[PDB]
Amino acid sequence: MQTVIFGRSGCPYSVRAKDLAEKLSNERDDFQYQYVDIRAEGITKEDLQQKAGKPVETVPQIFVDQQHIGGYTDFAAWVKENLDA
Amino acid sequence: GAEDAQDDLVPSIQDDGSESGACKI
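As they're listed, the protein sequences go chains A and B. Take 1 as the starting number for the first sequence in PDB author numbering and just add one per residue. Take 126 as the starting number for the second sequence in PDB author numbering and just add one per residue.
Right, here's the structure in full:
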C-alpha cells in the first residue's frame, strides 16, 4: 500500500490529512506514506485536478495506491469502512 | 474605535472528516 500527499507545508487541515496516513503507517507494515509539496514546488489545485481526472476546489489532496482519494474526509470514511465496519 | 475580532467555537475538535480548507501555492 502506497499513500501520497500533496502540500503538508502550507495549512493545518492538509497536515491533519498527512498525519492520518503517517498514523496508519505507524499502526501497520503494509501501509507506506509519501509527502510531496505543492506550494513550495510551484504546483496547485489546477494541476492536481487534471492528474486526478476530477475538478477539485480545496484540500485535502491525497492519493492511495496511485489513485486520487481526497484525504482527511475520504480517508476517515475509508478507515471507518475498515476499523468500525 | 480600538477593537479586536474573535471567533466563538460551539463544536468540539472530533477527528472524523472535514472535506475543505482552500489551501494552495
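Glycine included, every Cβ here is placed at the ideal spot set by N, Cα and C.
- Of all C-beta pairs linking the stretch 8-25 of chain A to the stretch 50-59 of chain A, three or more are shorter than 8 angstroms, placing the two stretches in contact.
- Beta-bridge partners assigned by DSSP to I62(A): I5(A).
- Listed along chain A are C11, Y13, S14, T58, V59, each with a C-beta nearer than 7 angstroms to that of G146(B).
- Assignment of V135(B) by DSSP, reduced to helix, strand and coil, places it in the coil class.
- Note: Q32(A) is bridge-paired with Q2(A) in the DSSP secondary-structure output.
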